[PDB]
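Since every read-out is calculated from the coordinates, none of them should be taken as a lab result. Here the Cβ is made from the backbone with ideal geometry for all residues, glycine too, and neighbour counts use every protein chain on show.
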Amino acid sequence: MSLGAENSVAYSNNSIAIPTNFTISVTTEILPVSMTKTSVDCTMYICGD
Amino acid sequence: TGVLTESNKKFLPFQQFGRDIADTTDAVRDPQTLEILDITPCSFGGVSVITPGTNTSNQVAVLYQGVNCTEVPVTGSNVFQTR
Amino acid sequence: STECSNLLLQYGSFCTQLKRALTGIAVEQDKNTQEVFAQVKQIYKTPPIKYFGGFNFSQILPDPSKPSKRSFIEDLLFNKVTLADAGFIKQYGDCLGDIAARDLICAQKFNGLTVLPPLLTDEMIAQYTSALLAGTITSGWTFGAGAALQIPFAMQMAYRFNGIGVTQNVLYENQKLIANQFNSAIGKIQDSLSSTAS
Amino acid sequence: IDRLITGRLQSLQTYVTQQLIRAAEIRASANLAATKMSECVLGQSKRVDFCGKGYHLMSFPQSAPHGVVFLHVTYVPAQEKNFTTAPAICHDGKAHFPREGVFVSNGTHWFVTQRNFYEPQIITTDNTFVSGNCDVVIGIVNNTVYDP
Amino acid sequence: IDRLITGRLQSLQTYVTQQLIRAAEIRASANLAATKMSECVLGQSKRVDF
Ligand SMILES: *[C@@H]1O[C@H](CO)[C@@H](O[C@@H]2O[C@H](CO)[C@@H](O)[C@H](O)[C@H]2NC(C)=O)[C@H](O)[C@H]1NC(C)=O
Ligand SMILES: *[C@@H]1O[C@H](CO)[C@@H](O[C@@H]2O[C@H](CO)[C@@H](O)[C@H](O)[C@H]2NC(C)=O)[C@H](O)[C@H]1NC(C)=O
Ligand SMILES: *[C@@H]1O[C@H](CO)[C@@H](O[C@@H]2O[C@H](CO)[C@@H](O)[C@H](O)[C@H]2NC(C)=O)[C@H](O)[C@H]1NC(C)=O
Ligand SMILES: *[C@@H]1O[C@H](CO)[C@@H](O)[C@H](O)[C@H]1NC(C)=O
Ligand SMILES: *[C@@H]1O[C@H](CO)[C@@H](O)[C@H](O)[C@H]1NC(C)=O
Ligand SMILES: *[C@@H]1O[C@H](CO)[C@@H](O)[C@H](O)[C@H]1NC(C)=O
Ligand SMILES: *[C@@H]1O[C@H](CO)[C@@H](O)[C@H](O)[C@H]1NC(C)=O
Ligand SMILES: *[C@@H]1O[C@H](CO)[C@@H](O)[C@H](O)[C@H]1NC(C)=O
């Protein structure tokens, strides 16, 4: 497997990088909250009348 | 059922059996010739099937888990050895 | 035993849901490791110059001499935890060896219990840790919000000092003292990991 | 009948235990969703990688079958450029540090800008402050500071 | 054989139930570790004792 693209940022002690533009990003995050509510009758499941 | 091999276990002369932690026989004393035999289970392991979807292809690959590539019999010519 | 299997077939599908629960746990472990460590999209690396304003990161950056590219502190942490091999490298080959001292792992494997290897090897976890350290050292917090933006480490520490509520002239007039205190703290981390085993 | 009763009772207890474990997991996820609704939607969050990737601006809830969907609106810097930086400016034996922003240079002249966007400005006593002299800060450069 | 099957099945079910509870605890700790990696390493945190 590949962990990602290899990068090497140009670091020095008197150089800085500053952005000149921007983007507005909309992302989607999905979260469960509740599940199905169930009920079980033993006398009809185990025995059945 | 198993594989019997020669042993170097130091059996005392009054001892005829050797047991395991899970209470199974690891070593036996042969009754005719007084010899000690180690018993091991025969080769086994799990089989996993790697496939794409059946709407894509019917080709499969087989992963034999935890066993070396020289012991699996008793495409598909592309044998590879993973961990 | 065929008779035991024919009697066990009458008990339904307990084994299948048991296997399903164990498979779900096994997938969840790899998901946990991937969601903790694989948080960076690109593998950053440290430039060959090793000056960061007087701060010494020689113990957390990887050492290329070892075959596993791990740092000194990572090697100490890996040596302190006595991790069993857990039957990874062909346990049936090792259990076939004629040794009088029978292991517990051989009994576990012979009684049907198997340990699966993780998806990410320790070298990949070390590579992710190295990429995170290189990005944090050479870009600050920018690499977690887009592209990595380079900045000198003294200016980055002045930004951190402004973040906690201290003026940056406190850093710039006490830079060597702060670097020496950080290096002494890293050396104390060395000594506490080499000495204390709990 | 006793054998069948024991088997069916064991199956029912297995189902109830699995449902309890899944209920604990679903409750943890619902608590996380409630925290994200309280912090992402009802305010602005400074926590990194909470409420989306990037600098968080807004969030919008949407209902879903057995769940919630958050639309996270974030700010991403786009087009970076190289500049020459310095920690302070030496002027009349005085060290000037920026109030908000960073000193940059485009090769010939020095400006002061803000960190997240390139908006250069003339270095002035209004946007800088004076602390100490020039033989303490490492990397200090020489420039005049404008006075209005 | 039926007695042995019932006993070994009960032991296996006990092991898997304990493994499920431990996996839930480990997943909670991994979520905490991922949050600490996102908020401590990738940025600066204002939360006290975080
Ligand atoms: C910043 O980026 C935006 C795009 O995200 C640029 O807007 C584009 O500009 C070109 C040329 O003027 C147009 O052809 C496109 O239609 C624009 N895209 C839009 C409006 O979505 C903008 O020019 C960039 N600004 C700078 C200063 O680089
Ligand atoms: C950065 O710290 C490392 C410690 O990991 C220093 O390396 C050690 O220096 C001592 C001398 O005090 C030697 O005895 C060790 O053998 C060195 N360990 C190595 C090279 O792995 C290193 O000198 C420091 N860098 C500085 C001060 O620039
Ligand atoms: C750095 O930026 C300054 C911004 O003032 C540049 O100065 C101006 O440059 C334009 C040409 O791009 C000239 O027409 C103006 O007369 C200059 N203004 C002055 C000198 O006050 C400067 O040229 C830039 N330097 C570089 C190397 O790009
Ligand atoms: C700054 O960087 C240059 C080249 O990268 C180096 O020669 C110089 O020694 C550095 N400054 C300090 C104070 O180490
Ligand atoms: C039984 O076999 C052993 C070894 O083969 C031999 O020494 C012994 O004399 C035999 N006993 C009889 C009664 O033949
Ligand atoms: C197991 O496989 C390895 C490499 O595939 C090999 O070196 C080793 O000899 C094998 N073990 C056997 C054949 O017992
Ligand atoms: C800045 O300079 C480095 C090294 O000179 C170069 O690799 C890079 O492309 C330049 N531009 C940006 C936006 O980083
Ligand atoms: C800045 O000016 C002073 C005298 O005004 C001089 O001593 C010093 O060397 C100058 N700094 C640089 C970097 O040239």
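Numbers for the structure displayed
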| read-out | value |
| --- | --- |
| Exposure proxy ranking, count of Cβ atoms within 10 Å, fewest first, for B:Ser57, C:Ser65 | C:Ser65, B:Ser57 |
| Model label zone, A:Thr20; criterion: amide N under 19 Å from point 7 Å along Cα-to-beta-carbon; scope the stretch D:116-130 | D:116-122 |
| Averaged over D:54-62, number of beta-carbon atoms from partner chains that fall within 10 Å | 3 |
| Å³ per residue enclosed by the Cα convex hull of chain E | 61 Å³ |
| Restraint check, C:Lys41/D:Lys46; C:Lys45/E:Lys36; C:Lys50/C:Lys176, Cα-Cα greater than 19 Å | C:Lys41/D:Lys46; C:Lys45/E:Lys36 |
| Residue-wise HN-Hα coupling along the stretch C:114-128, computed from phi with Karplus coefficients 6.51, -1.76, 1.60 (Hz; x: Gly, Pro) | 10, 10, 8, x, x, 6, 9, 6, 5, 5, 6, 5, 5, 5, 5 |
| Under 15 Å, Cβ to Cβ, from C:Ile137 - net charge with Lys/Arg +1 and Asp/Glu -1 | +3 |
| Sum of side-chain charges, C:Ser13 neighbourhood, beta-carbon under 13 Å (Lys, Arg +1; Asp, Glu -1) | +2 |
| Magnitude of the charge dipole, the protein assembly as shown, Cβ model with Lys/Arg +1 and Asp/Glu -1, debye to 20 | 620 debye |
| Cβ crowding within 10 Å averaged over residues, with E:22-34, C:148-160 ranked highest first | C:148-160, E:22-34 |
| Computed E for C:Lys31/C:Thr167 - FRET, C-beta separation, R0 51 angstrom, nearest 0.05 | 0.70 |
| Hz values of 3J(HN,Hα) by residue in the stretch D:125-135 - Karplus curve (6.51, -1.76, 1.60), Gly and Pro given as x | 5, 6, 9, 9, 9, 9, 8, x, 10, 8, 9 |
| Backbone HN-Hα couplings from phi across the stretch C:46-55 [Karplus 6.51/-1.76/1.60, Hz, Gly and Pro as x] | 6, x, x, 6, 10, 10, 10, x, x, 7 |
| Chain C: calculated mean residue ellipticity at 222 nm from DSSP helix runs of at least 4, using -39500 (n - 2.57) | -17000 deg cm²/dmol |
| Amide proton proximity set for D:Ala88, modelled H, under 5 Å, gap of 5+ | D:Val141 |
| FRET efficiency for C:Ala84 and C:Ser195, using Cβ-Cβ distance with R0 set to 22 Å, rounded to 0.05 | 0.35 |
| Equivalent-ellipsoid semi-axes of the stretch A:1-48, from the Cα gyration tensor, Å, largest first | 60, 18, 9 |
| CD proxy at 222 nm, helix term only [per DSSP H run n ≥ 4: -39500 (n - 2.57); per residue of chain D; nearest 500] | -8500 deg cm²/dmol |
| For the stretch D:47-113 and chain A, distance of Cα centres in Å | 24 Å |
| Candidates C:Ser13, C:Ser139, C:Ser184: whichever shows maximal mean-square fluctuation once chain C is modelled as a Gaussian network with Cα springs under 10 Å | C:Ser13 |
| Computed P(r) (all Cα pairs; the stretch D:80-148; 10 Å bins; percent) | 22, 57, 20, 1 |
| Tilt relative to chain D, helix D:2-36 - C-alpha long axis, 0 to 90 degrees, to 10 | 20 degrees |
| For the protein assembly as shown, the spread of Cα positions along each principal axis, largest first, Å | 109, 65, 49 |
| Separation between Cα centres of the stretch B:16-66 and the stretch C:143-188, rounded to whole Å | 59 Å |
| Most positive-pole-ward Cα, C:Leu113, C:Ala197, D:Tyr55, against dipole of the protein assembly as shown from beta carbon charges | D:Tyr55 |
| Other protein chain Cβ atoms within 10 Å, averaged over every residue that makes up B:63-72 | 3 |
| Inter-chain shielding of E:16-27 (mean C-beta neighbours from other protein chains, 10 Å cut-off) | 5 |
| For a label point 7 Å along the Cα-to-beta-carbon line of D:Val76, residues of the stretch D:45-59 with backbone N under 12 Å | D:53-55 |
| Protection-proxy order for peptides C:90-97, B:66-73, each taking the mean of Cβ atoms within 10 Å per residue, highest first | C:90-97, B:66-73 |
